[PDB]
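Two forms of a single protein chain come next, each set out by itself as structure tokens; they are called structure 1 and structure 2.
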Structure 1
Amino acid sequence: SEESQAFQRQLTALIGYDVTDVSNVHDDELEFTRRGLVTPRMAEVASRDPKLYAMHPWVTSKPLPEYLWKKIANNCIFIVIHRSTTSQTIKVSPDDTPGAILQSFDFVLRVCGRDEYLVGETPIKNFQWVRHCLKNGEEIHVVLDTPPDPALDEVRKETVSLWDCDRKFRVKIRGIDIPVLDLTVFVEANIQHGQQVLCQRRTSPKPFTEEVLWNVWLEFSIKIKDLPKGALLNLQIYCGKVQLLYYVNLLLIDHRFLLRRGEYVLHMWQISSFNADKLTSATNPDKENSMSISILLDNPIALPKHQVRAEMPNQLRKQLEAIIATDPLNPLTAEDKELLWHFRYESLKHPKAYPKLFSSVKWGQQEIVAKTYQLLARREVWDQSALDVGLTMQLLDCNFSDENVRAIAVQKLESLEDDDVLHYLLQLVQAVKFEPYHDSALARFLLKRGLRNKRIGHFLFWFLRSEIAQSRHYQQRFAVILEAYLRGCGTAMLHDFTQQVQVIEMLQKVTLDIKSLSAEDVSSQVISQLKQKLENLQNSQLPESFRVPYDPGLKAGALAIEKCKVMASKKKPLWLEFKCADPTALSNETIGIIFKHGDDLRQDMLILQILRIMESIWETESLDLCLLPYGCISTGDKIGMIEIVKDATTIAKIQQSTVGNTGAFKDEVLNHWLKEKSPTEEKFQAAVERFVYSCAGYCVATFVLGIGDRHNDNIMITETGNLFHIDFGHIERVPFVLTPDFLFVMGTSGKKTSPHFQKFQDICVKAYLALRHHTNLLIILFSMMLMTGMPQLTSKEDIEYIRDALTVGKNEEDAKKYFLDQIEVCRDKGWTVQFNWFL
């Protein structure tokens, strides 16, 4: 090809990884998966509606919450429509479709300021933009526009069976080789299914020289026929009690159902328990620095494909139901497992048993797996059950290495409306890390949902890009998936993405480079160089405009160079501000972005995403808690962008402005800072109200996530009362932050109970118990968040935190008093922890 000369090179610049490269493989799975994904791409590319894809209307089908109906004025909402200069307002009823607004005099209603549209056979109350304008209390400003051309979305034209082998499995350990290094070393070969170790053998310990040869056949007790698809040969290196130093993996049954054979020279990863990177089929690309193991597999041999009780004692049925009932983090004993397995079919009638049930399968037995597959072909009850994401997630996590088990989870995700895919996208993307193969139902599901929706597609991109840039363990796989998406998203977005990448690489350089200029307190000279470079950048590199990666509605244009700065901070982040590229954007507010190196923002992304989830949980119960989960995209290695939240300062700086440094903390400061930012009493008390919700939200949220105890230049408030935590990329005590200054805004002091503080407790306990009505879901998101986002060798102990936090097994009454105890610890401690942070 001759125009693939541009296209492929263009794809590599957009992906941030050369997909075609085969220097770091030992088989052809990645290349296979590229080819295997063409079909699911062609299928979505071809079946999606050209025009709806072009306008990507962002819509929901949940009920309009109680808090937003109470904001409707006599079943009528106002919409302002703009032509040239002149515009006029129109009365509308929540049920009005855009078409039923068009004939009210071919064009299309575009939102003012944004690349957001109000088109399609859904009521106007069902568009998120409208729901946003009610949320904050804004008028809906639209523009009579001609619909964008689908031609721009155009997509460029593109011999013996296994269950007959009764011989025991064995692998030759030839030896190991470190290029550069006084103890001893041995090799541990685990046959793994999920996190479960089926069989384990060791070499005898040898002296640890830069080369160690064993030449030994490690014979296993598991038969070849007893190997299940998705089994991992996990080779590990310990030294000497012992210590794990290098790990590496190899699928025993490969992507064409063939049993793995022959000579392998695999490069291994170092160490710096439950951790997604520990499961990777990827080899270490650093050939020169890293340790490698040499092995031999020999005996082709292929794995094939296949083609009742329900009357139990009382004591037994209950014991089963007690097991089904326990949380996702509860250990199943041998007794538990044997019980679930025997009552297989009774258990199948309970969708909630599924995780626990398929955790009872002895995957090291061919016949058992067969019975399991029999069982899965009988899933009417499952197939009929209403979607449960908490349940669906549990089956996609690290404890399930089975294509068919995982398929049934992805089956349920199929029914998510595009709104919920956005809510779970990040976590789903991360769950790809648990998939035993590069091609899987989960990867294809993300592929096609991404292709069907420019919004899911846009974030999909950034999420895969984020990992490709900083995970050697999973860049190859994500790269394959992203290339797949890119070859289907259509020229328009490829042009968008291209612009987006260029801009952020221009700016990352200006961050990299500026950071270097400062001895750790802003220099006078650094202002010269920054403002020079930002002018020197706008001259001949920055485009007329680019999409804001954390908000793809918003196009950013020229820089507000005058307003750009670098914080008095040790990580020297950039404070950039951009004019909106949209003339129709009847704002004047800039678009504010922070660029920061030094922090791992993948951790922020994860926590922020969880917060958006807690929000929608609250929505199901008609609660609003006015969390502020600001946009934040990680783009590379310890570097990314952060939404600047307009009119907001930190609690600490409010303490630093009235009292000064060495914080002799005063209580009245916040309340009269608020007062002094409020114009009227009306807008003041609304701001105090917003604070009661804001505070309680972040109280409940931070405690549950165990990130509650915080230094308070990490808590921010808007001039309109909105409290919100920031910089999550960090982590005697305190459950969450509820200081005398917050309490005084509520109207309390030391030991009292104002009208608002009662409401605070009321709102708290409601929020806390609402979360508990999704215990299972939060537990799994938290587990998954730890395993894929926080490198820490994260243990059971780390994860068991949220069990306690959400007081599992406890009744509603008992937990309400648990949470109220928490509040009272904060009441009791006052300024102690805050003061203690200082040093």
Structure 2
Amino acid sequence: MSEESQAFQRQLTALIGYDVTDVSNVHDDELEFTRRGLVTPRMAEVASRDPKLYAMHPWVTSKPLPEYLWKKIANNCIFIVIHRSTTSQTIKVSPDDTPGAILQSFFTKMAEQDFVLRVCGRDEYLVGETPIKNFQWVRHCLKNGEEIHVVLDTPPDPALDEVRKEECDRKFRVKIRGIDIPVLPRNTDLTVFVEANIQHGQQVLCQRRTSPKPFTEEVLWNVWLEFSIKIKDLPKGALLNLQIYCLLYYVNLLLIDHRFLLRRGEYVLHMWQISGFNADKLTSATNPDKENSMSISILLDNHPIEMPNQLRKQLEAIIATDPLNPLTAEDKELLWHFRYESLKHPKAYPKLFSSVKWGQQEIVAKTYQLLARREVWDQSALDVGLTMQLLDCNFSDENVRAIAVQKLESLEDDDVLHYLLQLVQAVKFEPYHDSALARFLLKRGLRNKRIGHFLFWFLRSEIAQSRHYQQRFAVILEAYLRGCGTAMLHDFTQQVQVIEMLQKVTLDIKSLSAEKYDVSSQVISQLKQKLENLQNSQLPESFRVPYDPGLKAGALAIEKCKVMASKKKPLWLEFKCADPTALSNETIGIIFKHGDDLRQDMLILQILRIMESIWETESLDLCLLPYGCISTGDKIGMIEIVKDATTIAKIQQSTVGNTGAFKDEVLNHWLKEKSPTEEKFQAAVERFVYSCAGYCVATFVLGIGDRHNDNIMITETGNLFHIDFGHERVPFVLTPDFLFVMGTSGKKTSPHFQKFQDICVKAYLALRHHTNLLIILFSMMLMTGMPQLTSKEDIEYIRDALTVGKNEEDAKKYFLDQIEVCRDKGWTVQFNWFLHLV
């Protein structure tokens, strides 16, 4: 192994944020085994991909152009403006024309083909045999009444993507020797015992406890715990979960390893402490802090492997229930007995597999037999909600999860991007490091630069702040980095250097000030100085914007930089675009913040993006504005600065605003004053109506509707939008001023208001057609992103919000009433936010 390669592993370690060659925290070889196992999948995808399309990563879709976008094209023509150094002729185009085709209606239309079309000021290319209406940039330009500006240039050299070459029927039992913790001191000396559970898909097959003993820094039971389950009956993927009750600490050990061998021998496991139901409780990793943590020693000495009319009605009823409906023992017995009928309803699959007795070898075998004749499933139309249901904490069986991944195989790149964060979060529910899901993400990321970019940041986000999963995600990220190509690698290196520098600055400045005071010139002077120093050497000529990889940021515009006045003291940075072909002088705004887990915001924003695509599948545009947000490290990251935007509170505050008085007409005035004409003003009011509806609906369903005015913004162009998603009542925010813009006051009516209620209802029922998708996303969001959330009651909110079980009439009713409540409450809740502080 050349000294060069060691230097390389060193480089990867600095991009990843973890050393995957570190063996300090392992009790076996699963991780190393996996690093090797992933070599094959990587090399296969790298060698399979087309160098040209890979270099230009065109962003395309197979979905049809929505109705609301055809409206802007009634002439069946689209104008593309090509530029190549001075003047620029604007080619008339047909929504069906191909990039190579408009190149024909050009050269000859003018009068050597080794050239390509690139969006101006972006690393974005319109290539491949795809209709121009199928390009995301084209649809983005239409939805925004913007012109499509392109530049003629030379295709990127695929050479630049070169990848470096690589080179017994007995019952199961376990002995609990004892537990050891360096220092126990809490308050009153209590007693302690160990609870050992055998689980599979978060289902306890068998449970045993030790006798209670006095809780001292070392407790020695030396006791055998014999379980009712036979060794032969242990399903692969089953965990021996060990817990300390006083619940203080937990830890897990996979009973059967990555080689199909029964675990055996002595183990001293460092446990995780509960912070006084969630994915962290399922980890096979042990606490990396060996110095201050509880440990438990154990010994293992135990290689393997026609329906009557009315009953059919019961079965179908069971199948129609929602993902969260509990399955009764009767239900499970039915689903199982009628196994073969059940297998004819893809939607029954999750309910059916939750009906399997996983602690019985014979039954599991019958199950694989069931999966053998999978014809109905394989030919079923892809249902993302259904596929995700089989990837959650409820299924630990490799094969069951594999058919889910099989269905994902059929997703187009545009959809993978929509679900990526949730798939990645779903890797936490995998019992082994090497899994079909992990390999699928690897594969899709290496196949496409955009998915790879995001995959990188999403993995890095978790590696930096999750002790429970950093090891696994690190192995996966490394596998990806070893295949993305030198170009991407150089880019990631730049992005990481930049954010690392800015992290230093952010922290230092937060120190030079109190917690809550204000922002003085001492602190601002210090900022501009520190930045001035970086601009010289430290901060690279350019770098890709992490939440918008097609955008290249150049030098900082130091005169415009500053520290924002908020509890936390985040930086307000602005950069020049490093692309001369850019169509404007507008800088690139980025907010840098330390002290908050931006992962929750990423999660919400991403679900918001999903809600948009769902509404798109229905021909609806609610004008949401899910700005870029990326967790880059522990409690720190970057956020996109939406241009020409203010807080609804700030609009209020600039006018008197003593103690938080509130006037209904302020908003309308602000909008009228920022509009150059009445035309632009009407457009602003309309957009406000649409965006208000979208955020009201989205926010009610996700159960985040009750927000303070300071957490909601609006663009000068009328787009309302929510922010700061980090962790008496009202369902959402629709205050009298919003109402005022709608032409109503004092519980009255109006054309825009009526239009609003219509949009809300259309939006709401449009989501109910996706009820399962939303429910499964909501619960995965809770399990992998929040603290220890009740696997029932917290999650049940969404079932109620989507009013599952009701017909259309009762739903509309429920929401309209919801709209009335905000009205009756007026300014009440908003007003309350100020007093709680006094």
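Here, rigid core means the biggest group of C-alpha atoms that superpose within 1.5 Å across both forms. Along the sequence of structure 1, residues get numbers from 1 upward.
Colleague: Compare C-alpha positions between structure 1 and structure 2 after fitting on the rigid core and state which of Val38, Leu793, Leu64, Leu52 moves by at least 2 angstroms.
Modeller: With the rigid core superposed, the residue that stands out is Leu793.
Colleague: Superposed on the rigid core, does the Cα of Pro207 end up 2 angstroms or more away between structure 1 and structure 2?
Modeller: The answer is no; the displacement is under 2 Å.
Colleague: Kindly check if the Cα atom of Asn661 is displaced 2 angstroms or more between structure 1 and structure 2 relative to the superposed rigid core.
Modeller: After core superposition, the displacement of the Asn661 C-alpha between structure 1 and structure 2 reaches the 2 Å mark, so yes.
Colleague: May I ask for the C-alpha shift of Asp599 between structure 1 and structure 2, in Å, based on superposition of the rigid core?
Modeller: Residue shift at the C-alpha: 1.3 Å.
Colleague: What is the C-alpha shift for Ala73 between structure 1 and structure 2, rigid core superposed, to one decimal in Å?
Modeller: The alpha-carbon displacement, core-superposed, is 4.4 Å.
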